[PDB]
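Engineer: If you scroll down you'll find the structure; I have some questions about it.
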Number of protein chains: 2
Amino acid sequence: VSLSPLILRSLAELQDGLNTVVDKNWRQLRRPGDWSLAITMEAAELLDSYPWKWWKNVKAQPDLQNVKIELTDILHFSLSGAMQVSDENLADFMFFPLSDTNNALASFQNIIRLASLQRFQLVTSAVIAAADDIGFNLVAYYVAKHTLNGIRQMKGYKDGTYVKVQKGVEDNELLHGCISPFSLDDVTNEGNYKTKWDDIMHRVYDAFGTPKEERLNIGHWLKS
Amino acid sequence: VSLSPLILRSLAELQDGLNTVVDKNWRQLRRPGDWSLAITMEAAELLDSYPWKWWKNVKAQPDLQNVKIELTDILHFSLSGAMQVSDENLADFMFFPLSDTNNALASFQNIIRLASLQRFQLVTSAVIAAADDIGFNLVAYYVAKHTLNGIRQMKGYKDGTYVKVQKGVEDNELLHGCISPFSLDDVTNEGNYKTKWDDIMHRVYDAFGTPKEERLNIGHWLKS
Ligand SMILES: O=c1ccn([C@H]2C[C@H](O)[C@@H](COP(=O)(O)O)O2)c(=O)[nH]1
Ligand SMILES: O=c1ccn([C@H]2C[C@H](O)[C@@H](COP(=O)(O)O)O2)c(=O)[nH]1
Ligand SMILES: [Mg+2]
Ligand SMILES: [Mg+2]
Ligand SMILES: [Mg+2]
Ligand SMILES: [Mg+2]
Ligand code: NA
Ligand code: NA
């Protein structure tokens, strides 16, 4: 399973633009090992979405909606790593169906191994395969979380003044509703996808009350 | 750096007894990969004690007291793994001083690699080396956290009714004060160590108001 190369390139452009919001000269400041560590830590969030602990709340239920968020986060970081290292310098590492918690725990631990080896392109392929298997719209999730990531930067995430959970709702949870109106074809159609990505962005901006003047539309992010 | 084999054996006995509190037949129920995953997840807690994120609260300070707690947690799990697999089936993986955050991030990521390879004895050696380098009393930390772990089980940790942070204080934080009166010699002295471990246990029981009747003294845990 792979995305169209034109879709992958647009996602990469979005990723570069977001990384530039975080730091103008990120391509000089960041190193491959940074992206390895970030993927590791998202992979721990992903594992922690399951009731893996045999000593703590053993009848807990998995947070399968959060799984989608953490896979999307891994994609942001694997796209970023791939901009710095091609893998030169799947069925062995990923186990389907991921609906089986044993398969998920094994697979997602193997993502950490791939990350440590700086096989970022393979991590991207793993995430695409995982979304295909689970049946969620990875591209739409990406555009939505990309927008939230930018919003967080606007609202002081980098200086420690942001609050992610408010009135019982984590910011990430509001993304599901922003994405549900969009089909896979909507966000991958060769001629029209950019308009649909723009629509996702504005839904996320609405969800967080971003004043119109502070919003960045799809064209901000693309080099095509 | 290593502990006396008699001290290591007593720690292993304590570990077996705690694992038995969690499940009577843990030696049949648990598998090596469980301990790999647990060490991985504690290693993520440990990494997250540092200001590693370049996009979120970049001027945050490391939680160096929590570092001691997470290393102690790793030891519990590496002792446990070693009861199931000897490594048959350091300066390369650990970088000193760990006071240097770059050294810490690299070292603690390498603990995840060692855990995935099920080199539990090597993980134990890493933790002992880390405490020696940082200069904290690993054995005293172990006995204190071992006691809290048992307390958590008494107070519904396994069924999801426990609350770890109360009135602004996480349970782990109360351990530091329980341990500070004890020297390295106190808790490793060949003839007298068991009394000092018992004393640590009772200090932790006091910290949590454990009724005298529910307390388990040092003799509960030892087979010597
Ligand atoms: O240079 C960076 C740093 C962070 N992120 C994004 C990707 C993930 O979706 C998100 C995770 O944020 P945390 O919740 O882990 O803070 O951060 C980037 O895209 N680029
Ligand atoms: O079979 C088990 C399960 C857990 N722990 C202990 C070791 C760590 O100190 C502690 C970590 O607990 P959490 O905070 O991760 O729940 O659990 C054990 O000793 N044995
Ligand atoms: Mg994260
Ligand atoms: Mg995440
Ligand atoms: Mg833990
Ligand atoms: Mg811990
Ligand atoms: Na998360
Ligand atoms: Na912790």
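Convention: chains lettered A, B, ... in structure tokens order; per-chain residue numbering from 1; ligands numbered from 1 as shown.
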Using only C-alpha atoms, determine which residues lie at most 12 Å from residue A:216, disregarding the query and same-chain residues fewer than 5 positions distant; provide the list as a compact mmCIF listing (two decimals) with N, CA and C atoms, in the first residue's frame.

Structural biologist:
# COMPACT_ATOMS: atom_id res chain seq x y z
N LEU A 14 3.64 20.17 3.20
CA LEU A 14 2.96 20.57 4.41
C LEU A 14 3.87 20.36 5.64
N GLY A 17 6.61 22.97 5.86
CA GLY A 17 6.10 24.27 6.25
C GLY A 17 5.81 24.32 7.77
N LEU A 18 5.27 23.23 8.30
CA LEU A 18 4.97 23.14 9.74
C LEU A 18 6.29 23.15 10.53
N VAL A 21 7.46 26.59 10.82
CA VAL A 21 6.74 27.37 11.80
C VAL A 21 7.40 27.14 13.18
N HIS A 146 -2.11 18.41 11.40
CA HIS A 146 -1.20 19.46 10.92
C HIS A 146 -1.76 20.83 11.33
N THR A 147 -3.08 21.03 11.13
CA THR A 147 -3.68 22.32 11.45
C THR A 147 -3.63 22.56 12.95
N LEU A 148 -4.00 21.56 13.74
CA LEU A 148 -3.93 21.69 15.21
C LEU A 148 -2.50 21.98 15.65
N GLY A 150 -0.22 23.63 14.09
CA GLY A 150 0.02 25.05 13.84
C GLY A 150 -0.72 25.94 14.82
N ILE A 151 -1.95 25.58 15.14
CA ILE A 151 -2.73 26.29 16.14
C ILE A 151 -2.03 26.30 17.49
N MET A 154 0.63 28.85 17.49
CA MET A 154 0.03 30.17 17.65
C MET A 154 -0.34 30.49 19.10
N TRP A 197 -8.47 19.61 1.27
CA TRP A 197 -7.52 19.85 2.37
C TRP A 197 -7.76 21.21 2.96
N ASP A 198 -8.01 22.22 2.13
CA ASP A 198 -8.30 23.56 2.62
C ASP A 198 -9.56 23.54 3.50
N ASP A 199 -10.56 22.77 3.07
CA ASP A 199 -11.81 22.68 3.81
C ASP A 199 -11.56 22.07 5.20
N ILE A 200 -10.74 21.01 5.27
CA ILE A 200 -10.35 20.38 6.56
C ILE A 200 -9.68 21.43 7.45
N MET A 201 -8.71 22.14 6.90
CA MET A 201 -8.04 23.20 7.65
C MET A 201 -9.01 24.19 8.25
N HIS A 202 -9.92 24.71 7.46
CA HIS A 202 -10.90 25.65 8.02
C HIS A 202 -11.84 25.07 9.07
N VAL A 204 -10.92 22.80 11.23
CA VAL A 204 -10.09 22.78 12.44
C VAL A 204 -9.91 24.18 13.02
N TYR A 205 -9.67 25.18 12.18
CA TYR A 205 -9.63 26.55 12.64
C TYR A 205 -10.94 26.95 13.33
N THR A 210 -10.09 30.14 15.73
CA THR A 210 -8.97 30.93 15.22
C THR A 210 -9.52 32.11 14.42
N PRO A 211 -9.18 33.34 14.85
CA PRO A 211 -9.63 34.52 14.08
C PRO A 211 -9.24 34.40 12.60
N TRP A 221 1.03 26.47 2.26
CA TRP A 221 1.83 25.29 2.59
C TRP A 221 2.39 24.60 1.35
N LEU A 222 1.83 24.88 0.18
CA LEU A 222 2.24 24.15 -1.02
C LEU A 222 3.29 24.89 -1.87

Engineer: Could you name the residues that touch residue A:134 at 7 Å or less, counting only C-alpha atoms, but leaving out those on the same chain fewer than 3 positions away, as a list in words?

Structural biologist: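 Non-adjacent residues within range: residues 98, 99, 130 and 131 of chain A.
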
Engineer: Those residues with C-alpha atoms, as a tab-separated table (two decimals), in the first residue's frame please?

Structural biologist:
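Done, and the output landed in again-v5.tsv:
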chain	number	residue	atom	x	y	z
A	98	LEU	CA	-4.20	-4.55	14.13
A	99	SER	CA	-7.65	-4.90	15.69
A	130	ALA	CA	-1.79	0.53	9.45
A	131	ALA	CA	-4.43	3.10	8.38

Engineer: How would you write, as a ChimeraX atom specification, the set of residues no farther than 10 Å from ligand 2 when counting only C-alpha atoms and all ligand atoms?

Structural biologist: /A:53-57 /B:14-23,26-27,30,34-35,38-39,41-42,45,69-80,141-142,144-150,152-153,157-158,164,171-172

Engineer: So, counting only C-alpha atoms and all ligand atoms, which residue among B:112, B:165, B:140, B:12 is closest to ligand 8?

Structural biologist: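 Ranking B:112, B:165, B:140, B:12 by distance to ligand 8, first place goes to B:165.
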
Engineer: As an exercise, work out the distance from atom CA of residue B:177 to atom CA of residue B:217 in Å and give it to one decimal place.

Structural biologist: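 Spanning atom CA of residue B:177 to atom CA of residue B:217 is a straight-line distance of 19.4 Å.
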
Engineer: Write down as a list in words the residues of stretch 42-177 of chain B whose backbone DSSP state falls under strand (DSSP E).

Structural biologist: residues 165, 166, 169 and 170 of chain B

Engineer: Based on the selection just made, write C-alpha atoms of those residues as a compact mmCIF listing (two decimals), in the first residue's frame.

Structural biologist:
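Saved file result.txt follows:
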# COMPACT_ATOMS: atom_id res chain seq x y z
CA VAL B 165 -1.69 12.42 42.33
CA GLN B 166 -3.47 13.93 45.32
CA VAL B 169 1.60 15.53 45.13
CA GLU B 170 2.33 12.39 43.09
